[PDB]
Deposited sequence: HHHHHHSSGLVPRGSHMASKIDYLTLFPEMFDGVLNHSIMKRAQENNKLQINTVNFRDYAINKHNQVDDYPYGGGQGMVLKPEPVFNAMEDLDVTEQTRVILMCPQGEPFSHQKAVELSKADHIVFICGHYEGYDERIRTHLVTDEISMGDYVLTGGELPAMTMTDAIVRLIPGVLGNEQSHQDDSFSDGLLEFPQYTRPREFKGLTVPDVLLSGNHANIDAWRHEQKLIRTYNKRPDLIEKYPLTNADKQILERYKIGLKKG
């Protein structure tokens, strides 16, 4: 598996690529990563990478020329996945992280442009993906974030409830005391207490999850005595 980033700000990938999980995984001969710059493939390098839109338009538009040239020498194939970071792409998701982790070659087209030449989309891009309804400056951070979720899912690199509260040393800290049950060594009571907390927190902060949860008699009894202790 190999992952390529087509970007104008390749320096912006410095920390991410050289540090943490991707830095380790690259070294294990698990994936090859390349950071390629658009401007390098500009036909003229003076009116390059982008230009005015035919028929008028709000902003500048990424030109097809540099992009097809980049794909050409990146050895892109019909099995490759050419992902375009765009605001109106499909929101990224876990099922997509799996599908892409199962792919050999991935090419991210990262950009800030008000628009992308349609010929790029119709004949190169296999996938268009966003991070969500909000507005970002460009595609690099989304490309890196998607890479993170995909890479950890490459080999070799919920119960329907919110999680239970967790605590560690010290036991007492600014008057804030770890629940005693967690120090008692009674694993049945520790699990039961954790389960009660899961139920109560989900009740308070995600009641929709309680509705989708197969509540036992004990679970109902727990919620009632909680909503009665409240008064």
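Where does the structure fail to cover the deposited sequence at the C-alpha level?
Gaps vs deposited seq, in order: 1 to 18, 176 to 187, 262 to 263.
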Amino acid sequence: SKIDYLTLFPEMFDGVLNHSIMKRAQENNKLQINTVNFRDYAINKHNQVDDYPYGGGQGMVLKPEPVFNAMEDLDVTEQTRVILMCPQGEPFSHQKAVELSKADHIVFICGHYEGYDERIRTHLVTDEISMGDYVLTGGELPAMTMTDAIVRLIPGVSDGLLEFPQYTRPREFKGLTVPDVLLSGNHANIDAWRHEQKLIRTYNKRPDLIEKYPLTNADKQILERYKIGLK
From here on, numbers count along this sequence of modelled residues.
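Compare the mean C-alpha B-factor of 116 to 124 with that of 67 to 75 as given in the PDB entry, and name the stretch with the higher value.
Taking the mean C-alpha B-factor of 116 to 124 and of 67 to 75, the larger value falls to 67 to 75.
Average Cα temperature factor in the PDB entry - higher stretch of 209 to 217, 6 to 14:
Between 209 to 217 and 6 to 14, it is 6 to 14 that shows the higher mean C-alpha B-factor.
Tell me which of 169, 45, 194, 201 tops the list for C-alpha B factor in the record.
Each of 169, 45, 194, 201 was compared by C-alpha B-factor; the highest is 45.
Among the choices 60, 176, 183, 33, identify the one whose CA B-factor in the record is greatest.
Among 60, 176, 183, 33, the PDB entry lists the largest C-alpha B-factor for 33.
For the chain shown, is the CA B-factor of residue 54 in the lowest, middle or highest third of its modelled residues?
CA B-factor rank for residue 54: lowest third.
Divide the modelled residues of the chain into thirds by Cα B-factor and specify which third, lowest, middle or highest, holds residue 135.
Middle third, going by the recorded CA B-factors of the chain.
Position of residue 89 among the chain's modelled residues by C-alpha B-factor, lowest, middle or highest third
According to the entry, residue 89 has a C-alpha B-factor in the chain's lowest third.
Residue 110 by Cα B-factor - lowest, middle or highest third of the modelled chain:
CA B-factor rank for residue 110: middle third.
Would you check the entry's CA temperature factor for residue 160 and let me know if it's in the chain's lowest, middle or highest third?
As the PDB entry reports it, the C-alpha B-factor of residue 160 lands in the lowest third of its chain.
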